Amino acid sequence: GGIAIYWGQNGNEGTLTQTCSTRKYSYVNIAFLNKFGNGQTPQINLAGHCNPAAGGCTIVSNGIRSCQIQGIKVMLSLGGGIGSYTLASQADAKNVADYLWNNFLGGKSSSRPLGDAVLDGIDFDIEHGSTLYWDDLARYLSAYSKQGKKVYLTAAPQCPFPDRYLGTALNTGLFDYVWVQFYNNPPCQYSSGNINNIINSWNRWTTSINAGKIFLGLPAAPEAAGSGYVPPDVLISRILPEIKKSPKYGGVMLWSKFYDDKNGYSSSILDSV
C-alpha cells in the first residue's frame, strides 16, 4: 500500500510541491477548511503557508498540479481539531457541497482560494460539532461525479467504532478511502507492550464498513498527538504483518508532514507499508 499525509498546518513543513516530490506519499490531504456552515463564509486555514486574502493562496495550485502529474491524489480536508465548522440543516449540507464544487472541484468561481487546479476529492475530518447531515454532504458531493470527473470521498474517523460524527456517512458506502485515527483514544490505540487494542479495533473497522481501502492512521512523532505514538520498529515488526493481511488494507496515514520531517517516520517505514 501507500502513505497518506496531512499537509498545511505548519508553514515550516515545506511547499506542497516539495512534499509531493519526496516520493514518499501517495495521497495528500490539505488541512484545513476549518470554518463553514451555519451561514459562515468558509475560510481555509493553512497556518503560515499563505494568507488566502487577495488570492494569496492560489500559488498552491502549482503544488496541486505537480502532485497530480506524479499520480498523487490531493484532497481538501474539512474540519480538524479546531474550528467552528458545523452543518445546521440539510439545506446547509447542500449549500456547502455547492460551495466546494465551485471553489475547489470542477465548478466555477471567481474567487477559488487555492487557484485554478481541480482537487481530486474531499476529506472529512469532523471531530466535534454537529453529528448530523454529514451523510447528506457526502451524497451531494458524490452526485457531482455524474458530470464526468470523479469526486473522491475520504474520511478520518477516530478509532472508537462506530464514530459519533462520521458513522452514518460511512454507512452510505460512498467513501473511497478511510484513514482511521488510532491515537488520542486509549481504548483503541497502541500502549506500551500492548498491541491488542489496536489490532482488535482494526478488525472491527475492516469488517464493518464498505469503503474501498482502509488505512492505519498514526502520529508521525510523539509530539504530534496527546497519546498513541508507535515506534517504527514496533509498527514494522508487530503491527504491519497483522494488518496487511486484510484485503481492505490500503496503507498508513500520518499526522502530519511537519512532524514526519522532524522524526523521519515515513523514511523508516516506507518499504514495509
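Residue positions are given as counts along the sequence shown, with the first one as 1.
Enquirer: State which stretch shows the higher mean Cα B factor in the entry: 149-157 or 185-193.
Expert: The deposited B-factors put 185-193 ahead on the C-alpha mean.
Enquirer: Quick one: say whether 70-78 or 103-111 has the higher mean Cα B-factor in the deposited entry.
Expert: The deposited B-factors put 103-111 ahead on the C-alpha mean.
Enquirer: Looking at 136, 176, 120, 116, which has the biggest Cα B factor in the entry?
Expert: Of the options given, 116 has the highest CA B-factor in the PDB entry.
Enquirer: Looking at 34, 61, 208, 29, which has the biggest Cα B factor in the entry?
Expert: Largest recorded C-alpha B-factor: 208.
Enquirer: If you rank the chain by CA B-factor, which third does residue 234 end up in: lowest, middle or highest?
Expert: As the PDB entry reports it, the C-alpha B-factor of residue 234 lands in the highest third of its chain.
Enquirer: Hey, what third does residue 199 fall into on Cα B-factor, ranked over its chain?
Expert: According to the entry, residue 199 has a C-alpha B-factor in the chain's middle third.
Enquirer: Looking at the C-alpha B-factor of residue 143, is it in the lowest, middle or highest third of its chain?
Expert: CA B-factor rank for residue 143: highest third.
Enquirer: Within this chain, which third does the Cα B-factor at residue 224 fall in: lowest, middle or highest?
Expert: Within its chain, residue 224 is a highest-third residue by C-alpha B-factor, going by the deposited values.
Enquirer: Ranked by Cα temperature factor within the chain, is residue 168 in the lowest third, the middle third or the highest third?
Expert: Lowest third - that is where residue 168 ends up once the chain's C-alpha B-factors are sorted.
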